[PDB]
> 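Following this message is one structure expressed as structure tokens.
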Amino acid sequence: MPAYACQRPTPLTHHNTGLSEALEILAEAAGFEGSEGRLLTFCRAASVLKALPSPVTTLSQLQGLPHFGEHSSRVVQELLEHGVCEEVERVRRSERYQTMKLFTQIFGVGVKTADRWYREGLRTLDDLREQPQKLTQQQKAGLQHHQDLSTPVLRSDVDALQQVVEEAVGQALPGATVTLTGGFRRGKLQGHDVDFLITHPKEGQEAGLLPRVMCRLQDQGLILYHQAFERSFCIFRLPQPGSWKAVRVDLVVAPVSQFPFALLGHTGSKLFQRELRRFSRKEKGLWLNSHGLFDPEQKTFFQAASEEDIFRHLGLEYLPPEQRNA
DNA sequence: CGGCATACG
DNA sequence: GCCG
Ligand SMILES: O=c1ccn([C@@H]2O[C@H](COP(=O)(O)OP(=O)(O)OP(=O)(O)O)[C@@H](O)[C@H]2O)c(=O)[nH]1
Ligand SMILES: [Cl-]
Ligand SMILES: [Cl-]
Ligand SMILES: [Mg+2]
Ligand SMILES: [Mg+2]
Ligand code: NA
């Protein structure tokens, strides 16, 4: 079991779901309390269990597994012995956890904003609606559409949205392409949004593209909210039987030279990308982001034609998106 | 002990 | 919280 999540395949479904969910509760709570380090350890330990080939049944099976020390091992032991971990249950039913979860799940509300509102005494969505002077326009949008945005996006929803994005993209710049990324590219059957990556085969033609896309979508009445730019975090109007629902849609534009890096960077998982960037820097001395891969000694960028190129650059076995579910 | 991913809106 |  290698130490970095990018060094091992992680399927979407696995053999330790209950154990990983418990550890991810503690990771989420650690983040709510400002401890990025503890969040990462608990996320990594959870991901190790996702990568195992069969269920953990005994504590001895944790020996030698990376990122399992006293705390994470204690959590797993209690779950194996009693089917429940007291620390996890205490977090679950704590007012702090439940409110930070409710608040951060809002589009436009992060941990720092949620924490301040918590300290000010706010607890519910109606508490926020009852004081709208304190909200940004983005947060007003996230709060107005909160109910729809709390409904899982389905794979059927994805196909319809890609068609309308392609239509708008085709008018905005003929020959431009739309690639599904994010969790649905990793094989998820549901999601909190739909993520797309847009490019054009002739380097440079993608410049200025996204404003032209957004203006056309807005003209077709399909944009319930959006902000030169190359990323947009929007809320789309998605038709439904006799009605419609709001759906979060992310659009990213990249030049074709950077497309492999942007595809890798936006396909995830979030933990997979963090681990891959950490691996690249700490083990290989290379700086990775969604634009490229930089050698800070030679002051050069690696040219990649594919995700396969990037894995090979970093000396890692290639992992298809479906195996990046760290 | 230091480190913990990344850049755009 | 854990790794090196
Ligand atoms: O903090 C973050 C968030 C996102 N991302 C990058 O953006 C991608 C999309 O980020 P999303 O937030 O849309 O997550 P997701 O598609 O993986 O899962 P859903 O909750 O949407 O179902 C991620 O998969 C990752 O590549 C990061 O690198 N860091
Ligand atoms: Cl590998
Ligand atoms: Cl770390
Ligand atoms: Mg997504
Ligand atoms: Mg997204
Ligand atoms: Na949020």
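Every chain is numbered from 1 and lettered A, B, ... according to where its sequence line falls, protein lines coming before strand lines.
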> Tell me whether the side-chain N/O atoms of A:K282 come closer than 4.0 Å to OP1 or OP2 in B:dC4.
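Checking A:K282 against B:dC4: at least one side-chain N or O falls below 4.0 Å of OP1 or OP2.
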> Answer with yes or no whether the hydrophobic clustering places A:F196 together with A:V169; edges join I, L, V, M, F, W, Y residues whose side-chain heavy atoms lie under 4.5 Å apart.
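Same hydrophobic cluster.
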> Write down the distance between CG (A:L40) and P (C:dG1), rounded to a whole number of angstrom.
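A:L40 atom CG is separated from C:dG1 atom P by 13 Å.
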> I'd like the P distance from B:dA5 over to C:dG4, given in whole Å.
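It comes out at 16 Å once rounded to the nearest Å.
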> Are A:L264 and A:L12 linked, directly or through other ILVMFWY residues, by side chains that come within less than 4.5 angstrom of each other?
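They do not share one cluster, since no chain of ILVMFWY contacts under 4.5 Å joins A:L264 to A:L12.
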> Describe, in one word, how the ring planes of A:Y4 and A:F279 are oriented to each other, choosing from parallel (under 30°), tilted (30 to 60°) and perpendicular (over 60°).
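Judged by the thresholds at 30° and 60°, the geometry between A:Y4 and A:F279 is perpendicular.
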> Out of C:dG1, C:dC3, B:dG9, which nucleotide sits closest to the side chain of A:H71?
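Ranking C:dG1, C:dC3, B:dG9 by closest atom to the A:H71 side chain puts C:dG1 first.
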> Check whether NZ of the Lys or CZ of the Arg A:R96 lies under 6.0 Å from the centre of the six-membered ring of A:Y118 and within 45 degrees of that ring's axis.
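Verdict for A:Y118: a cation-pi partner in A:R96.
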> Examine the side chains of A:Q258 and A:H291 and answer whether a donor and an acceptor come within less than 3.5 Å of each other.
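A:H291 and A:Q258 do have a side-chain donor-acceptor pair below 3.5 Å.
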> Of all the nucleotides listed (B:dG9, C:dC2, B:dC4), which has the minimum atom distance to the side chain of A:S72?
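Nearest nucleotide to the side chain: C:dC2.
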> Counting side-chain heavy atoms from CB outward, which of B:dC8, B:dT6, C:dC2 is closest to A:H291?
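From the listed options, B:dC8 comes nearest.
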> Without decimals, in angstroms, what is the distance between A:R278 CZ and B:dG2 P?
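Taking CZ of A:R278 and P of B:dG2, I get 17 Å after rounding.
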> Could you give the CG-to-P distance, from A:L251 to B:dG9, as a whole number of Å?
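Spelled out: CG on A:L251 to P on B:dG9 is 12 Å.
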> Over how many whole Å does the gap from A:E36 atom CD to C:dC3 atom P extend?
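Rounded to whole Å, this separation is 18 Å.
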> NA contact type, A:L39, heavy-atom cut-off 4.0 Å: base, sugar-phosphate, or nothing?
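Since no nucleic acid heavy atom lies under 4.0 Å of A:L39, the category is nothing.
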> What is the distance, rounded to the nearest whole Å, between atom CZ of A:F279 and atom P of B:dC4?
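These atoms are roughly 16 Å apart.
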> Consider the side chain of A:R277, meaning its heavy atoms from C-beta on, and name the nucleotide among B:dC8, C:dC2, B:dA5 that approaches it most closely.
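The answer is B:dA5, which lies nearest to the side chain.
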> Closest nucleotide of DNA chain B for A:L288 versus for A:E230: which of these residues is on the 5' side?
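Looking at DNA chain B, the more 5' nearest nucleotide goes with A:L288.
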> Between A:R44 and A:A3, which is nearer to the 5' end of DNA chain C once each is assigned its nearest nucleotide?
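Taking each residue's closest nucleotide, the earlier one in sequence belongs to A:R44.
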> Without decimals, in angstroms, what is the distance between A:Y4 OH and C:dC2 P?
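Checked: the OH to P distance equals 17 Å.
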> Ignoring the backbone of A:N289, work out which of B:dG9, B:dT6, B:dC4 is nearest its side chain.
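In terms of side-chain proximity for A:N289, the closest of B:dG9, B:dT6, B:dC4 is B:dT6.
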> Nearest whole Å is fine: how far is B:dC8 P from A:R231 CZ?
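After rounding, the reported distance stands at 6 Å.
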> From CZ of A:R274 over to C1' of B:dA7, roughly how many Å is that when rounded to an integer?
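So the two atoms are 14 Å apart, to the nearest Å.
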> Heavy-atom nearest nucleotide on DNA chain B for A:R38 versus A:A228: which residue maps closer to 5'?
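Counting from the 5' end, the first nearest nucleotide belongs to A:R38.
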